[PDB]
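Structure 1 and structure 2 below are two forms of the same protein chain, each written out on its own as structure tokens.
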Structure 1
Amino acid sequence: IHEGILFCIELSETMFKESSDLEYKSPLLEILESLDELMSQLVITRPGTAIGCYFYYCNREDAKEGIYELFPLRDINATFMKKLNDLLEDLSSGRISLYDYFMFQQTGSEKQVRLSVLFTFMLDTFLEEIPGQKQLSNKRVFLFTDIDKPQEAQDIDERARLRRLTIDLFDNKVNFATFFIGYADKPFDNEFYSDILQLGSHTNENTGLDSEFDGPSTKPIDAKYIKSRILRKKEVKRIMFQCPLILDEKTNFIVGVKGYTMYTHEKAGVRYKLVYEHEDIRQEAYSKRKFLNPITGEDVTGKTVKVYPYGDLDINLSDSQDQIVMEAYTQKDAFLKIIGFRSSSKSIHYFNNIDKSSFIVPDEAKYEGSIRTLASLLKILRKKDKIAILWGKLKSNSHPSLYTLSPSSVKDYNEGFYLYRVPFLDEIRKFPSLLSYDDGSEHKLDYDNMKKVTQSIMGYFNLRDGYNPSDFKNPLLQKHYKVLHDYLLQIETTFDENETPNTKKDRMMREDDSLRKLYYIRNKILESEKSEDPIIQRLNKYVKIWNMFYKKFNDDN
């Protein structure tokens, strides 16, 4: 529900050093830019997330014995985003440099921070209770480090103390997300941090069960992936449903299943608050909203009943009868039952989508053997082009429905199942009644020529990568939060009355991400009409030829 992230960035001599592969971006600058972008994205998608950013070891005067905070562990607000953006702007304009800003100079391996006080500070920051925000439900530490072998690496007892500190932190539900930086010229040897961040060694009996968690993945990451590793870790997975999957109920073959939402639908003004303002005092307001019939006037809440209308007849079904009515086709609690299996082509279509897909993973915390059984099911359903038809409801207070459960492909990173909803016969609508049908039924030659021209146009406009959601920000969301951001930071608005034709397209391509792609498509046609090459010049004539075949029928009479 409420999440907190603690960026802890370790400064080093190579840290400020720019990289040629990173195209004149220092790793520290890359981390700051990624943090600012992440905060901007989280203010839209998942607000009410606490983020703190700390640097060490800083000889800067404002410090805590070497732990300088860019900003404390507070919920995302416009002031910290502006503070980060001002620093980034100073860095870009050349007014200040990262060496100067952190008061860090190449003076022969300046003092390094002791990891003991570092982890003590990490525990203290989460253990503190800032009055402004409620307690964090989830706690994470994003550890950026370029020094794989500190002073504590050569010791043994200090390693034990550090491991004890790591265990103490982990006991407080603080999960490390390591961002160890490894370059091609200097690999990151993670043995020290792999030893420190794990839970040590522990034995229960000779063949007893062991701990299910081994600590953070101390696998180092390359610098070019730093930003890619941050934005893809800003959000935890939120469970949408947790239901038993019933494979065979006669032999009691039932496992557990967790389901998350892969892609939501974000709308602009969903997050708001009704505020009543009187003179100079602003307060929040509530919106009840109670249903009372003015003819009676008596108390309604808690005294109304729901009755089925069948015309002028009202049917007041008793609960003991309504429950038996419902039990004929569904169970009381949320459930899914495997009804059958069939080929993937016979059930998976792109024209029959009605709902949002969901992601399903095993749940072994309730039904033992869920994970091993679902792994085998995933193997088998993936072996053949097969899915599983499921009947049931993902929530207790939800309608039963048919779903298709498909094994997730080996191309994507996640392992699991994808649950789509199958549209009912009522949900499938009827194709409209057209006023004409004389497309190409008696014009086979001309229809075939236009088919060839349209195919020729379509051939070159193929999307190579495919659709990427991250390449398309929501224009309404971007504009809404841009207005909020500029009002909070007091920034003068654009769109003066002196606009120019080039200014219009420049504004359009910045307010919208798809309009930039459309301008590229238009500019490709504009460039093709001018290219002297006999090959590049084709994309014009094709389109040109098409505009004839349209006009061949559009303006005949």
Structure 2
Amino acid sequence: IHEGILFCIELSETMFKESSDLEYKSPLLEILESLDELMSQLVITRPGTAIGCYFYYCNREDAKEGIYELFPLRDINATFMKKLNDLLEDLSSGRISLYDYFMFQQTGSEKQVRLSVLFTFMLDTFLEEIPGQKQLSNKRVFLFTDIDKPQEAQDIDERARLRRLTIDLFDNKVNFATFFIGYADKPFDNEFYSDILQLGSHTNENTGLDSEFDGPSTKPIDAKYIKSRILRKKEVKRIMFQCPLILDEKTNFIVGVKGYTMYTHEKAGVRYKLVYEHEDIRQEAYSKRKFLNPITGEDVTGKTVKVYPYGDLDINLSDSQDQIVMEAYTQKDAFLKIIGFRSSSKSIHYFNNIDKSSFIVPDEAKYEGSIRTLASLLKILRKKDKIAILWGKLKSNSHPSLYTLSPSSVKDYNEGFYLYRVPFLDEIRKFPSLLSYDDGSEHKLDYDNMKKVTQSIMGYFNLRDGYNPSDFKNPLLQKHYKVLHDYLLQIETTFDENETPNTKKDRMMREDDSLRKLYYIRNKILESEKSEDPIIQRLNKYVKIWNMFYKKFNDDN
């Protein structure tokens, strides 16, 4: 549930300098902006995350032995976002430069911190658990640096000491997440950090294999990808289900499977707390479901029996009878059974979704030889477009369904299967009873002209990039959490209803990301009208022709 991130950023003369990679944006400024965006997103997605940020080597008097604590390892707080946004505002307005803030004088021979004290501080930070906040379930360190060859790199004995410290960190469950930065004009050497941060995975002769885990991925990332890497590394794997996949029943050809929800439904205000406000003392108020006898009125919760009402008759099936009745098609625990493989052109449809899909990945902690089986199955399912029709329930307390295990394409970075759910015959609703059915088919010429005109319009608004969820923030959640944020910081809330048409429109597109693109569509239509060039003047002419065809038909019939 909880998680502790620890932003550790190493300071260098190049980091302060703006790079042409980010179009004259400093890598340190990019990291700070990524931190701000990450905290803003996490206060909505996952408020339980704990975040801290430390800089080094800096000359601040506040810096305890060379490490500067922008904000400690604490739970997400609005005060820290306000502090970081003040920092960003000072950087943007030019009030204080990064060099002035961090007191980093450009000499070309600036001192550096020794990694031993850095790693001990990393270990000690996760040890000083705050009494006012809950324990850390997951621990991470977001390591940013640009100096690939520190002083300790030359030595080999202190390399062993650093390895010992790294082993202690891993034993304390503090996994690393490296962000080593390399430039086009300056590549990044990976030997030292790879040497220290890995366990030394070596094959264990002919008496079996060794541990699959070896250490963090120390591959350098270009400065172009700093923000994209930070923002997509903040998410924790939220396991939905783990149910055995019984490919063949009789021969016990059964493997383990893990299930992760690719997407969810984020709601505006489900996270709250019922508060009993009595004068000045505020405390929690809990809600209970008290059951009442409609005859006597007694509190009957805890002494009720479930019965099946058919007509004016209640059928009291006991526990054993319910157990036997249910077991005709499903067991007590979650499972998924391979029923049959089918082509992908007859099973995956875009007009029959009933639920959000899940990501299936092997699980070898309960059934050995699952990764091999599912890797071979994934290889086979693609290169001849097919699926796996499944049958089971993903939760112990749920109802079975027939799914369509589909293999991920080679485009997606993630390797695994997607588990769509096929609607039952009951769930497939019926098309309504329309009040007219002679749309345009009998009028061949008018219908042909109108549909060719609508086809012409459609070609103008083709989405080259395709749908990207990151481009669309949820307007309700954005407004709700913005109100929360600016109330917590005593920032005046914006309210006005006498706005000019120019500024009200700007506010509407600022609050809604989709409205920006809708205004872009409207502007694209408008510009085709005003422009004198014939190659672009076609869009407004097509729209006007469509609007004339629209007006004609309600008169003819």
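What we label the rigid core is the largest C-alpha set whose atoms superpose within 1.5 Å from one form to the other. When a residue number appears, read it as a position in the sequence of structure 1, where counting begins at 1.
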Where does the C-alpha shift reach 2 Å or more between structure 1 and structure 2 among 297, 459, 369, 309, given a fit on the rigid core?
297
Take the rigid core as the frame of reference and indicate whether the C-alpha of residue 206 shifts by 2 Å or more between structure 1 and structure 2.
yes
After fitting the core, residue 527 CA displacement of 2 Å or more between structure 1 and structure 2
no
Would residue 496 count as moving between structure 1 and structure 2, using a Cα shift of 2 angstroms or more after superposing the core as the test?
yes
So with the rigid core superposed, the C-alpha of residue 175 shifts by how many Å between structure 1 and structure 2?
0.7
